[PDB]
Every structure is written in structure tokens, then in C-alpha cells.
Amino acid sequence: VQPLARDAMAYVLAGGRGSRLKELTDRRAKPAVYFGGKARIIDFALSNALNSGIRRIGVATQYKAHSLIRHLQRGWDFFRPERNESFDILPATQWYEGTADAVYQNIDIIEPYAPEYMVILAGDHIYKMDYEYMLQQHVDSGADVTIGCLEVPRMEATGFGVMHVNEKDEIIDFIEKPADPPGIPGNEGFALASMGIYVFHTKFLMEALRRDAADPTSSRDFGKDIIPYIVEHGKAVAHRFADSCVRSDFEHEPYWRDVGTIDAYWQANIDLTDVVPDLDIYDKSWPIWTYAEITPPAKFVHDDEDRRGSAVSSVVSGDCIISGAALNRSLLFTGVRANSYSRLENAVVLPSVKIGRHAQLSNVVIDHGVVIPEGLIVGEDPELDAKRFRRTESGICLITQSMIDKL
Amino acid sequence: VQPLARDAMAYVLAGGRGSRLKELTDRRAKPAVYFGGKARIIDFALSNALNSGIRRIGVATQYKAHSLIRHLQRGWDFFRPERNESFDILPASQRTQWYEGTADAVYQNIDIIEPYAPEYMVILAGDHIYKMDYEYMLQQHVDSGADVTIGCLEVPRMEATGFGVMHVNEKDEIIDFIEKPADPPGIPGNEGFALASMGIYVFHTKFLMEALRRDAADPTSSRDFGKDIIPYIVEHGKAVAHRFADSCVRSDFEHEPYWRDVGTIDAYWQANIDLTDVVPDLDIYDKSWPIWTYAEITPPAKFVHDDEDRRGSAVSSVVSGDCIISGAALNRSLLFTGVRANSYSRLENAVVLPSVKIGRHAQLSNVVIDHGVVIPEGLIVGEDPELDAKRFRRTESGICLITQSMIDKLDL
Amino acid sequence: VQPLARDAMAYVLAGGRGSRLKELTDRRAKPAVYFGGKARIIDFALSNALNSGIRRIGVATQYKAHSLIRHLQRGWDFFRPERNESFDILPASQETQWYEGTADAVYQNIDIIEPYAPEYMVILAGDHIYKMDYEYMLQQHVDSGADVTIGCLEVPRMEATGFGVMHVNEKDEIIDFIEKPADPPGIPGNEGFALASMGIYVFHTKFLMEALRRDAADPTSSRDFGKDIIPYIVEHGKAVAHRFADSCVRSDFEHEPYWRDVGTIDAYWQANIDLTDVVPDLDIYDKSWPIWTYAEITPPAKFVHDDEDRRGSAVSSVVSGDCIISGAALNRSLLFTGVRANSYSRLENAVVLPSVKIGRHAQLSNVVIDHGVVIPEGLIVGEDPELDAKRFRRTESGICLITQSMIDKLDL
Amino acid sequence: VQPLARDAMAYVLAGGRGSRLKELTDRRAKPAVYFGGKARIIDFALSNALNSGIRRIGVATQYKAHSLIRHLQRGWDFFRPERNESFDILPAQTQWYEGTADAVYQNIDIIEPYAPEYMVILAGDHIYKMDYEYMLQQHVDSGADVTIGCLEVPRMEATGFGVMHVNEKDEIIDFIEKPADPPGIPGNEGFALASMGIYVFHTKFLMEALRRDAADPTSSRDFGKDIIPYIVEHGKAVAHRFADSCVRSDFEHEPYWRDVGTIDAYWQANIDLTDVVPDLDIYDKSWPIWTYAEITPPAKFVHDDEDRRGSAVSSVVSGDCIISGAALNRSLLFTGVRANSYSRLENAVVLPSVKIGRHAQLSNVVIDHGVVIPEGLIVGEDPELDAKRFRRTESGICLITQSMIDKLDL
Ligand SMILES: CCOC(=O)C(C)=O
Ligand SMILES: CCOC(=O)C(C)=O
């Protein structure tokens, strides 16, 4: 009768470096990377927790955590312990020694709350999911551990940690990036790919992490140490994302993105410019809370022979002034100033960027606050572009202020 | 050394009906009228008080006040009394027996004011759009020894005819007060201008309390500052004028001191649509004197479709969050939060209030569209003046105000 | 799988006058009355809604709602609509509009409710003190297929005479409703007990809007849930009782399910003073079902003087913040925030509301002192029944309610 | 006309170890130490900033700053940048701060976007009330490079201070660390100016000064030892008298400033709040001290028979305290303290959530946060049994921590 969420604590692992994002994550953690025009990546796991009815949240951070922590302080500031809500920011010769460690080192903060269930979450994915489903499967299945999994074509699973299960979705082995991924019994050509989401009873986990602290062998991670141990010595069960996913009617399939490369990151944002986007950012039934300030509305100015400030097939945030600049298939975060005779196409423009007059840019991700010099051309000369900026094989240039200065 | 604002309470009169705004205020007070894409009118006086360092605010409401009051409860909710801040929402009888006037609006609330014991009271009109630093006006008030300091616009005399006008001597001491003078008295030194009352009054609090008690005890008083309290002091006390230009907070992108009454639909339309200029008279992108309001986290603005027949786009326009511009042409328009403009529609010279829906093929020009209106598909406005005058409120200059009740009546 | 509370709106009827509480409610509505040292009565229904996971709450107020509305504005200010949460304060007057009854209180505000489109409405009285998890009642409602679920106390029949009583069958289906039955029908199989309505009702929103629109067009209706809406469904539709015992959130340290009307001065006094017990019926130190309220940061409680003639200390008492007990003796008393009790004074069996000041040498016994009352030096209460009755509101059991207007008229 | 606080930013140095406070700062920085019953020491500087009209605040922290950082996030969370308000918590994002100067230098990246005119450098480990608008007004007028807040102290007590030589217009002509013969004030000998560690700068000037300091690989990167000694000698340093800006309540007999540097001083400043006429008026609503506070139940006193009586005399007691058959005298209790039957506290400062077991009897103590006092424990009866059981000062105050109690089998 009583929702299990009332007795759950969501614990967000937010230390992921986002290595392959290169300069995008040079001074910010992957979960602090901007997404969608208004939010950051971590706001999704956090909003899922909130919307699922989980009132206690812990967030473990590791490297380059400064701006991630300031985001959390500014945006996620409305929890009060007298309402049995909490939001603890838990930063790391003093780092965490893995994903399991960050729970272990913080037991003293967890146990006063004494939650019945722990919902361990990866904070660097973009998805919407109602965790109450997973909680209910967990208590009703008697599992030691319930693991959230995507169903992906066997070929795609080769990059995931893959769970080998049986006909009752109990997990019988785990393999990191199996090159020939174990298929679902009775449904080959599909594999169960781990989402980095783990539901525990709280007391089992506590011991499970104590045990891990003691063992010299352990790399102190959930994926390699905690879980496989459980898989081999206890009862592990799979939960399928399709069962819990909160998809809008206007989302043609369950949405989940890792945005683990500049290409995947650029594509995921630019896809929001579609007539029918994969992600329905207008689904008010499952809203994404974030840090946002009061801003002026977007402004478009100039319209004559040679210049017209306008956006077409584009998404534009507040505090943006589009002055004689032509935008197409671009997403602009808050605060962008684009000036006369400049042009943007296939552009993901992060907060507070200035585009100088006459600049022309195509297929780019422009980093936070970058000032684009007047006249710069990107997307015309693949080879000059690759020398000046971080350019992908697909031809997306990631542009940072450091890159511009060296011009 | 100490700023006087620490010792002041701002008391905002927010019962303005905005009668000439017609259907725009049939269900809301004038201070609750939307402006500029995000805020409401009352947010300017409150942001002035905040930015000036005043920590205690009272707001007296009168007619049609629920949405104003809701706005205040939700947007102005961050003042804490044990930090010596306060924000009091004060409707007629206890959050018949209406306020009998603006002075009554204070008098009835003496028991709210007195516990705070502020040293000064700043009486504000909540129905004007303007930026002002009240600390200068406080300074002048104590340093001049006046009974009342009155905020005054310095306007050419032909404009002052619709204002309450203060007559000036050499030292800017007010020597009489005229309500809407046919030929306004001028300022000594430079004739050609007049001092028009802003409805801003600074008192020593104790002085003010005695006045409103005296006004309450006068059986022939109409119970207003403008008509009753102020004329009494101008004569039998010391009234002094403060010049708006001296306290006005101008951005360096604002060519002149900005103050707007938006007392008519043309004025309302004109003040909003002027924000679409390359160089508007009001700088809303300024940060050195910010306007706080009630704002919700919204998805960004979206523009879509780009084919032969339809292009979602905004030109020389201002567009807010949660707007979806789908195959619709926007030109010289101001869109508030939550507008959904649909394929093949067109908007020119439009002020479009929150949550409006523009149906496919609809074409609207020179309009103000009320909050939440659902424009039916294919509707045409701005083309047939007599038909346009027939179904909607239409001004002499050709502006159409459109409400849902007007749309509901549509069959011809 | 999905908790029904996500889909419910709580609607709190906070218009109780508390007539029998006499002077205690001469300027405040009953839901605004102080309870327990810090909170107000309305905070129990609101905290129940919040703890049950209901994110949308409306409060309908009626008479003397000034201080109630103020409390709700400052205390219950943390709901944000973009997180699908909302807190609407819905005063009977945007004067002329008064709600015609508890049913009119909803009907007039349909245009506040339907935009949120909740699936369930939970109608609550805002003037009782109790803890209850409404998810239990929601589930029963959807499982039972009923048109209304009604929350009911299980009370011994001779105490049931004072209540609105539902007749019940073996399936807890309500076959009749009786207002104050001289002989309350017992529960089948459990005579000796009867079901008393708590004035708590769960509906599907679509059904409730239907019923409310039917009621408004019926000119004979008293427009109340109690007299009109519920009895109509009882005879013509499907009403089922829900047992408070099943939903009540009882602490380990509460010997039974706790519910209190505090309808009389004696009952009010009794319910507060009971908190000074070694083992109170109400466990306020519970953290598993917390009661939220408006609270300010205050200094701690202070106890001073210990000489031969005066000692400030409290025995068998509960004392809040900002209290200074200066050479004063407290015994079996409950003090709200900001009480100043001065040298040589004594309080016994006293419920003392916020900001009360107790003058030197005063000695008060068996009292309720209203908010902000200054007790003059040397006043004696609880010594002479006839004198105390002449001066104050004295109950049959000898409880004196003391208000400042009673003190003002005094001099023996 | 325009108050200078509008253009100022307060930067609070909150990395003090409070080394002499021993186990009381075992796992927390000094600014995080509880004071007065409901607040922490850092809240005083912060409330001074806010009350003075300084709506931009940064806090630099160093060692053991977890609870300090949590307190700040929870309690000081009401600033919004779009109202030109900001509160930045700046932990050491290797590379600890090199000193209080380095604490500023690393965070130029945080400061410049706000571009304030003035920087008000504040020690976050003192208890005092001050209106910084006076010191700002003096600084801009004096035309000096740095203005330094100073206590006026009798020279006999100035020997334990950083003392500023002054001339007849309060220009600082020397700074001496703990002078044996502290230089006296011109025409007011017998009083010396003792630095409060409060400095006012122009922001541009301070950025240069901290950039120069960072370049010198020799420097100890501290305002006290490096930057301030450089300005007196080569630039323009001027003193600001605490008495000139202190916010002294009518019920405060003298300007109040406390360092609470030692266990005895900490105990003394807290227990002094139980006085009939305390030196610190914690009721002056005119200059209020904001902190992190939760809604809690009122304090409760229960039991009253021949053998036990729950009550407090000459005491200060917070919310969520249950005094159950326990007798308190001259004690200050923070939130959530449970004292059980037949127990007795005297001259006791008891930090939050402490449990006092039945029959326990304690005198002259500071009990650390959350400590559970075993039933029947006696402290303050036997000085030598106490000094080996707990940390006991020369004056006879016992600091009791949980790790000390856990060692008990004598
Ligand atoms: C807060 C941002 O508001 C906006 O004006 C848009 C366009 O998103
Ligand atoms: C805010 C907590 O207040 C109290 O209950 C006491 C006694 O300080």
C-alpha cells in the first residue's frame, strides 16, 4: 500500500570523468556538462529520484567537482530535514577508491537516515525512469540486488557491461564489454546492458561494502567488485528499462543516452531541434528540475537586404540576443550573443558564448563562454579546422577558448 | 554613515483599476497586468524598493485582486522577519468594508506598520513602470526637513494636463497642487516644463501616522493622499518636490529617464512593442538594477518548419520560454511565456500574453491578445477595420484587444 | 504500482469559526488557533497531506481568515508548480462573496482545480488535530469502486451522540447518515461502537465536479458536504466508510489513535496541557510523521534568578524559544514562543500563547492566556471563582480564558 | 548618497584549526564550533556582512571543513544572483591553500565576474557584531591601500596580539607580532591597537597585491605574515577602531569581541550567557544573527518528586531538549540534549544531541556534540581522576568527547 520510495535513498555516483569528451570535460565532471538548453546531465538522475518520490538524495563526486558542486548548491537547495527530505553533497591523499568506496566512506551519513532501500544511480546518463517499479520488483523478488538494464541489439552490447541471465531474469554472469555478448535466453540478438543502476536493501549493501573494504583484491567498484561477487555468491536479478521508463506519448521509444563522445553529445542536443524529437522536453508529467535564474526573453533584431536576426529549425534560451545573425539547426543555451552577419548551422552553443560579426560556423559544439572572433570560419576547410580545433572524424569541431587564443 | 533605507518601509498602493485598459483589467487589477514578456507591472515598484535597500514592504490591494495576490505570494516569498525583512499583503478587510481610499489603506493597517517601527514611510503607486533609487529621495527628505517629499516628473506643460501638478518656487518647495490643470503652472527658471506627481510620497513615519488619523477623523475627507492628505500639507505644512531625473536609474543603453503609465490600450501596446526595437527606451538586459518577478523554470523557445509553405521564425521580435513557434511567421511581436503559434499562422505588431494558442492559418496584426486566449484556426484580424471593430475592442489608432469572451461570441 | 497520492489534490476546508471557543476565535478562525507550543491547528491536516505524498493542496477560508492566510503565506511557501506541486490559498473573497457552504467552497474554485486535472480529490476539515496517511483511504476508494469514501472514528456509542454518524453494513457500506443520533447505530458485530464522520471525503475529481455542479443548481441546497452532498450520495449512490484506526499514524509512544476536535475552551486547554505529561497521548517528538509549521529562528529559553526570594525555573512544563523566565515559577504549564515571565510571578496549569508577558508578583492558575496579552503586575487568577468569573471567560470546570480586552476593562 | 556596501564583497577566511581547542576541533574547523546555543562561530561574521548590506559573500575553507561546508549550504542558502546576491563556498575546487592570501589568489576566477569595488577580508573565527559600512566609508575617504580593524586594548593584554603601531592620525607605522612592550596609542598610552584580522581593500589593488605575493616563492602566502607587513612598510595602512563601528546593544556594557581561542575561554563565553546581565545580548533584534535552524519541539521538563525533579535554574536551554528528572544549574544546552533521571549538570556547556545517563553528575564541563554520557558518571569531584579520563584545563574545566568515554573502564 505505502510506496517503497518513502523509505528509499537515491545515491548518485557523479565522479565519471567523461574522458572521450576531451576538452569539454577538461575542467568539469561529465555530470556537470550542459544539456538540452537549460539543464546539466546530472539533473536527469536527480529529477528521476524526486519524481519517483525519493526524498533523500546523496551525490558522490570525485574529480573536477567544483562547478558540479556549485550547481548542486544553487539548484538543489529546497530539501529540508524536518520534512524527512535530504540532499547531501559528498565530495572526495583523499579521493574515493572506486564507486563502492564512496558509499563505504559515507556510511556514517547514510545510517542516521536509516533508509530501508538504497537506489544507487549513475549520474552521467540522460533518461527518465520511475524508480518505484524497480523498488517493487526488488522487495517482491527477494533479490539481493536488482540491476537496471537496457535491451540492446547484441552488436551494440559490446561496449556495455553485459548481464548474462536465465529465463527468469536472474543474472548468472557479468562480462565487461563482451566482444561476443551473451544474448537473452529465448531472444538472441538482444543482450541486457547494465545502466549502472542498483537497488539494494540498505543493511545488505552496508555489509556488502564493508566486506569490499576489507578485501585486498577489490577494485572497490560496483560493476566489477560488488555486483559480480553477488552474481557469483548471491541472488542478482535484472530489471528492464522498458518496464520503468517514463516515455511521453511523443517519444517513439524509450530514451536513454550516454553522450559519451563529442559526436554523440552533439547529436543528442541537435536532435532536440527536430520536428519530432526523440526526447520530449515538454512532458510536464515528468519534469526536469535544474538551476535556472530569471532572465530576459530571447530577442531577434535587424531585417534588411544583407542581415536578418532570426532562428529557423532552432532552439533558443533566454538572455539570448540574435542581432543580425542567421541561425539554422542550432541549439543555443542561455546568454548567447550573436552579432550582425554571423551564421550558425548545426551548432550546439553553450551558455554565454559571443559570436562576432561575420563569423560563419557549421557542425560545432562551442564551449561555455567562448568568444568567437569576428570573421572566423568553421566548417569550410576540414583540414584547417582539424588543426585549430578538436575535430571529429564525422567532422564536428569542439571549440574552446584555449583553442581560440592560439589562433 | 548609515543608509536611511535600512530604516524605511515601502508601502505600495496596488488597487489601481486601469479602467481605460478595458477588458484587460475586467478580472485583474492594473498592477497585475503583464509587461515586457516576463514580469507584471507591480514588479517594478517592488524591485525599486528591494534594489534601494528597503527591507520592509506592504502592499495594499483593492479590486479584482486574487491574481495579483497569488502573484505576490509566489514571487515575493523570500523575505524573513528575523532578518528584519517583511513582506505584507494587505487586502481590504482582513487578508463592504473596502478601503475608503488610499490614506485609509494605510490607516487601516497602522497596527501592521507600528510593530516594525520604521523611521520612514515610502508610499508608492504600484501601477507604473519605472526604475528609481529611493535612497536619494530619503536623503533629500531628511536633509531638507520637509513634511512630505513628493516624486515629480518634469514634463512639458502640454503633457502635464493629465497629471496632478505641483507648483514650484525657486527652492523646489511645493506652493500649491492642481489636479489636471488646463494650463499647467511651470517651473521657475525654465518655464516650458511642469512638475507632475508620480504618486510617490516619503514621510517620517510618526508624522504620517498622525496625518492618516487626522484624515480618518475628518468627515468630509475622501480618504486619499492625492485629494486629501497631500493638499493639507502643501498648504499648512512643508511639502517639497523631488525630481525623478535625480533618482532615476538609467542603464547606459537608456537615452532618457523611463517612466510609463500604460493607462490606455494604445499606451500598453506601444510600451510593449517598443521593446522589440534595436535600441529600446527601456533596457531589460540590464543587470545593475534588476527587476525581480515570479518566474518558473521553462523549456527554451523552439522554432520549427522550414519549407516552401511554412517557416517558424521570429523577426524583430521578443520571444519567451516555453514558446513553440511551429511554421508561424512572427514579425515585430512580443511573446510572453507559453505561446503556441501553429503552422501557416502570421503575427505582426502583436503583444501576445502568456499561454496564447494561435491556430493554423490565423493572421493577426496590431493586436493585444489576452492571457490564455485560444485563437481559432484561420482567424483574420487587422484587415477589416469595421469587422475588426465589430468583434473586438478596437482603438482609434487601430489596435485590437482580443479576449476569450470576445472569441466565444464569434459566429460573424 | 504507482502511489495514488501522485494523482490527488488535498482540499482543506479552513473556514471553521470555533464559536464555542469564544474570545479565542474572536479575531482568528479556528484553524489558525495555536497548538502545542509552536504550530497551529491547520498544520496537522496540511502536514498529513504532505507526508502522504499529496503535492497539490488548496485551502478554502471564510471568516476572520487574516492571520490564517498570513500563516499559510509564510509557512507553506515551498511548493513549486514546475515540480507538479501547488499550494493555493482560496479566500472567500478574491466582502460580498462568502462561500455558501463547504460544497460551494469547491464549486467556486473549479477553475483552480480542473487546470491541474487531478484524478482524486481529498476533502479535509482543517480544524482537527490528528495524524493520518491518506494513501490508505485513496486505495480503498479505488478498490471499493465507491462514489465517496468517508473517514470515520470508531467511538463508543454514548460518545457518538455528539457526532454525525454513518449507519454501516457488514461491508462498511454506508446505508444511512444521522446527525447527532440520540441512539447512534452500532457497528454490525461490534455494537457498543459507532462510526463518527471526520468530515474527510475522498472522491474521483470528475464525480465531485459533477456533484458540485448538481448542488449549485439546486436552490434548496445548503451547499454543504455534510447536510447536502454526502447524504444525497448515501441514499442514491455508493458511500463507504473508511476506518481512522486503519490509516492513523500512531507513534510507538502514543497509547491509542490520537484525534482531538478541541471544540471547547476546556478541551483546548486539556489537549495542550496534556503535552506536559510524562507520557503524553500526543508524541510531538516523533520524526517519522513530522508536523511542519511556520517557525522563526529564535534565541533559546532562558531561566534566571536563584536567590532567597525568587527562582526562575519550569517544572512539569513545556517552554519554547525566545522565552525568558526571570525569577518566575512555572509548574504544569505550556509556553509558546516569546513569553516573558517576570520576578515573583507564578504560573500553574497555564496554557500561555505567544508573546505573553507576565508582570511581577502575578499568580495565575488554570488559565488560557491569549496571544500578546500583557498581564499586569500582581494579578491573581485561580483563587476566587466569582471574581475570576466576573473578570474573565471562566469555564464550568474553572478554566479562565484571558484576553487583552478583558485585562483592559479591569481594575478588580 | 550610495551606500558603499552595495559595491562590496565580504570574503571570509574560515580555515582556522583552533588548535588550542584540542579535541573540540578534532574533526571540525574552528568557524564550525557551536556557540550561544543555536549558532556556530562563522555565523557572526556572516550576519555582520548581511546586516551591513554586503550581499556578496565568499567563504574560503581549509582543513576539516565538511560540517562547516554542510552548515553553509543548509543555512546560508537564500542569496540569488539575479538580485545581485551571491554566496560562494570555496574549499581548497594537492593544492591546499598556501595561506589566507593564497585562499584569495586561487579564487580570482570567482571574484572578477562580480567585479565588486571593495573587498572586505574577514576572520571567520571571532564572535562580534560590527557594521562594516563605517569601515568602508573610512577606507574610501582615507585614500589608504588597506584599512585594518583594531580592538582598543590595555597594553598588558595587548602582548598576546598582533599589534599595530599607530601615529596621531591612526596611520599604521609598524606591525608587531606579540610585543613584550606593546606600543601605546599616541596620547592614549596604556592602550594598544590589536588587529582583528579585518581588512578593507580596493579590489583591483588587492588582486595586484595577491598576484605579487604569489610570484614570490619565498612568501608564506598569508595576509598577516606577508601582505599586511608589506603595505605598512611600503604603502599606506590605516587602522579602524572597533569602537567606531561595533553594534553595541543598549544592554551590553562594552563592545563585545571574543576569540574563544582556548577551552577555558570557550567555556567562559558560553557560560556567561547564563548571567542575569550577560555581556552579549542574544536578544538584540536590531542586529540579528542568522544561522541554520530547524523546526524543533519546545524544551520539556518532567518529573517532580522527592528524589527527582526535572528543571533548569540559571540556565539557557534550546529546543528538542528533554530534561527528564535532571537538575541543571548554570548550564547552557544546545538543541536536542536529553538529560535523564537523577542526573545533575552544573557549570556545563552541552553541545547538540548529547545524552546524559541516569544518576550521572557533571560539573565544570564542555560536552562535545552527540556524546553519550554513561549512567552514573561523575565529573568534577576528583581532579586527578578527571585529568586522565578527559582533557582537563588548568582552571578545572573538562572537555569530554565520545572517544574519551569509550576508553572508560576507569
Ligand atoms: C529563462 C529563459 O527564458 C526564455 O526567454 C527562453 C526563450 O527560454
Ligand atoms: C527554535 C527552538 O526553540 C525552542 O524550543 C527553545 C526552547 O529554544
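Atom set for the values below is all heavy atoms of this structure, side chains included, hydrogens, waters and symmetry mates excluded. Reminder, nothing fancy here: chain letters follow the sequence lines and each chain counts from 1.
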Within-4.5 Å side-chain heavy-atom neighbours: [X] and [Y]:
X	Y	result
D:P297	C:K38	no
D:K300	C:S316	no
D:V276	C:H305	yes
C:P300	D:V316	yes

Does [X] [atom1] have over 12 foreign heavy atoms under 6.0 Å away?
X	atom1	result
D:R338	CZ	yes
D:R344	CZ	no
C:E256	CD	yes

Heavy-atom pairs under 4.5 Å with chain D are the metric here; pick the option from [options] that has the most.
options	value
C:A295, C:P290, C:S320	C:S320
C:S317, C:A39, C:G37, C:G327	C:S317
C:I284, C:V315, C:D306, C:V304	C:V315

Exercise. If you take all heavy atoms of C:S313 and D:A312, which pair is closest and at what distance?
Worked result: CB-O, 3.2 Å
Problem set entry | Options D:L273, D:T274, D:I295, D:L332, ranked by heavy-atom pairs under 4.5 Å with chain C, top entry |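 Ranked by contacts with chain C, first place is D:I295.
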Report which part of [X] has an atom under 4.5 Å of a heavy atom belonging to chain D: side chain, backbone, both, or neither.
X	result
C:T298	both
C:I324	side chain
C:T337	neither

For this session: Select one option (side chain, backbone, both, neither) describing which atoms of D:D275 are under 4.5 Å from chain C's heavy atoms.
Result: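 Backbone of D:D275 only, per the 4.5 Å heavy-atom cut-off to chain C.
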For this session: Starting at CG of D:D320, measure out to OH of C:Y285 and round the result to the nearest 0.5 Å.
Result: 6.5 Å
